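One chain comes next, on its own, written as structure tokens: the form deposited in one PDB entry.
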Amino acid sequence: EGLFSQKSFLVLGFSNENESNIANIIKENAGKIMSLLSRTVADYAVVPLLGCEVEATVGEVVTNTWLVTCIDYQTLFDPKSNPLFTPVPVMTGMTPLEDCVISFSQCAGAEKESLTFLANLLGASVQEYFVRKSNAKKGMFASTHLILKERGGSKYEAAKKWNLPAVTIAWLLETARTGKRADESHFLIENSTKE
């Protein structure tokens, strides 16, 4: 049976185009689309990354990043498993990362897209490749920051070699929440490992 079999959804806060596209994807995966006026509580309200008005009781408010991620991995992720699966608080109008240049490691698909969005919204330049020296010919700028999930990998090793901060995604989310550049020393990847 479909991924969203026996699950029901509100779709809220999107343009007409996006509402219908999201509804179509849900239904293609055997999900049910409910009305704000429905008899029962929807399992999920699917909303934008930054949230929107949710006037009705629902099981969990979730983002289209969650929706798309579930479908990409054919897995029904717990919304609590990733902070981008639920609305992300962003202080509007603030650009604390305007002089920062970010590369991501270990992030893919919708998560990477959403992280890229957030980084750009805060004023940062996002680079596909992580380098310490700009390359005019290739249109690449040196990164000031690496954002990643785990110790390990090529960009990880390079950030250590080049003495560049390599931080957890929480650094970026805390910067978004406050509108102020968070203290990198509170979020270093080398200090993130637990259990």
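Quick note: we count residues from 1 along the sequence shown, nothing fancier.
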Averaging C-alpha B-factors over each stretch, which comes out higher, 23 to 31 or 145 to 153? 23 to 31
I need to verify one thing: averaged over C-alpha atoms only, is the B-factor higher for 99 to 107 or for 74 to 82? 74 to 82
Say you rank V58, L37, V126, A136 by Cα B-factor from the PDB entry; which sits at the top? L37
Please say which third, lowest, middle or highest, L172 falls into when its CA temperature factor is compared across its chain. lowest
Hey, what third does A182 fall into on Cα B-factor, ranked over its chain? highest
For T116, return the chain-relative third of its C-alpha B-factor as stated in the PDB record: lowest, middle or highest. middle
Select lowest, middle or highest to describe the third in which the CA B-factor of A45 falls within its chain in this entry. middle
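As for the form solved in complex with a partner chain, it is not shown, yet the points below apply to it.
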Contact with the partner chain in the deposited bound form for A30, defined as at least one heavy atom pair within 4.5 Å: yes or no? no
Evaluate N82 for contact with the partner chain in the deposited bound form, applying a 4.5 angstroms cut-off between non-hydrogen atoms, and reply yes or no. no
State yes or no: in the deposited bound form, is some non-hydrogen atom of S114 no more than 4.5 angstroms from a non-hydrogen atom of the partner chain? no
Applying a 4.5 Å heavy atom distance criterion, does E53 contact the partner chain in the deposited bound form? no
Heavy atom distance at most 4.5 Å to the partner chain in the deposited bound form, all of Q106, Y129 and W162: yes
Looking at heavy atoms inside 4.5 Å, which stretch does the partner chain contact in the deposited bound form, given the options 59 to 67, 41 to 49, 135 to 143, 166 to 174? 135 to 143
